[PDB]
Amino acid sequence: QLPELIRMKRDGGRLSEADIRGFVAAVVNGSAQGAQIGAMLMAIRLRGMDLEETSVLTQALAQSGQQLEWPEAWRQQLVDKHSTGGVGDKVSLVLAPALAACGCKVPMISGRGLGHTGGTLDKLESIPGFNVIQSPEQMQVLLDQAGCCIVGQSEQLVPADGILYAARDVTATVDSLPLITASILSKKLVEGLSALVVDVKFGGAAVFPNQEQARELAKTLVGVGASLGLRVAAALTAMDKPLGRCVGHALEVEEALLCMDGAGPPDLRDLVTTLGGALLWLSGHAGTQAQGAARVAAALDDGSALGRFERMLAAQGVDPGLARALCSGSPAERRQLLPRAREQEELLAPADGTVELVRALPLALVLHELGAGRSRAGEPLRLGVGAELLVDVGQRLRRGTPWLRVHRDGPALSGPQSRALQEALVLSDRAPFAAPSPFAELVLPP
């Protein structure tokens, strides 16, 4: 029974396959209570799991629901990428459609926000009518039509993970190697993918700031994934500063769109082309990293990524007209069709100097307490709330120049909140420089 299983883990003992499957079944069928879920999640977070338990949690979460079947004509076309989570990380919003443009099939099952990081599903929900929950049947139609699709956990698609994911988010049990591994792979295993690239963040606002832990996760994701029959590669990418300039939901959707019609900040386009190019390589569609990167980049310039993105929006519930407007509209028009915070508050530079860095963690934490993230499961988010980096890293600015614009619904920023933000603006006084790219290294399966 639940109390005993929890007790074993609490004592630092391992769970047998039956126990794990037992636990997962109880979660899915609703017999497990919230406290028991939270208790077990914490026991794991604090005591851990070995690679066998871990692999078992994965198979279990994966099997708690359906297995996605596709036309065998799609077999080698099926690919996906997943990010462990970060700030301003709307890569998936761009990659999904940019791949489906290269003929690739992407049945992406992602998630909502986790802790201080943003979830792509919450970002898509900024778009009116976008429905994250799609059946396995609709998903097939989606791939047939736009060859794109970004859905979330549901009754049919990894329900066990859906429930745990939402509990982890608000029980301080996000940063657990085995829970992240099972959660991520279970989603991807159910997809029947040919290749998969997981973007494992490291740095300031990463689940695992510590680069060495980012690595351990990277190697584990790939190892367990391999052992479970999935061609997987992991990319370790910086998340010390936000990706792009926009952080939030509604705001990140417009930057994603800016990226899709050939523009946007270089770091964003870089990560998109490097992971996509790494993904095309992994799946055999591209000969080398550079070739695959170029094809994806071409999709960003082509207008075909944006086009696939448009079909996806319409096929997942967005009114065709709004879909055509988001993709056909200019930055300002998109900004108007998407949720908007009630107040705009710009932060000014405290001095002259170079933007050495903009701490992503402090920024996400404040964005978090302003309604961008959850502190309770099922809690509505204030889509619209977010932030815009008005200055890039590597550029020089003077005191008095606005470097950040906070989009908020509530009161003017609190005291400790303002301090935290300014605190995030690191300045040095040297010549301007070229900001480095997020991507660090690729970890392949043994």
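Start at 1 and count along the sequence shown; that's the residue number.
Task: Given 34-42 and 63-71, the range whose Cα B-factors average higher in the PDB entry - done: The stretch with the larger mean CA B-factor is 63-71.
Task: 338-346 versus 247-255 - greater average Cα B-factor per the deposited record - done: The deposited B-factors put 338-346 ahead on the C-alpha mean.
Task: Highest-ranked of 194, 83, 186, 227 once sorted by CA temperature factor in the record - done: Most elevated C-alpha B-factor of the set, per the entry: 227.
Open item on the list: Looking at the C-alpha B-factor values in the deposited entry, which of 77, 237, 153, 120 comes out highest?
Closed with: Most elevated C-alpha B-factor of the set, per the entry: 77.
Open item on the list: Which third, lowest, middle or highest, does the C-alpha temperature factor of residue 383 belong to within its own chain?
Closed with: Its C-alpha B-factor belongs to the middle third of this chain's values.
Task: Third of chain Cα B-factors occupied by residue 435 - done: Residue 435: CA B-factor falls in the highest third of its chain.
Task: Third of the chain's Cα B-factor distribution that residue 265 belongs to, per the entry - done: It belongs to the lowest third of the chain when residues are ordered by C-alpha B-factor.
Task: Within-chain third of residue 401 by Cα B-factor, per the entry - done: Answer is highest: the recorded C-alpha B-factor places it there.
TODO: Give the position of residue 395 by CA B-factor within its chain, expressed as the lowest, middle or highest third.
DONE: According to the entry, residue 395 has a C-alpha B-factor in the chain's middle third.
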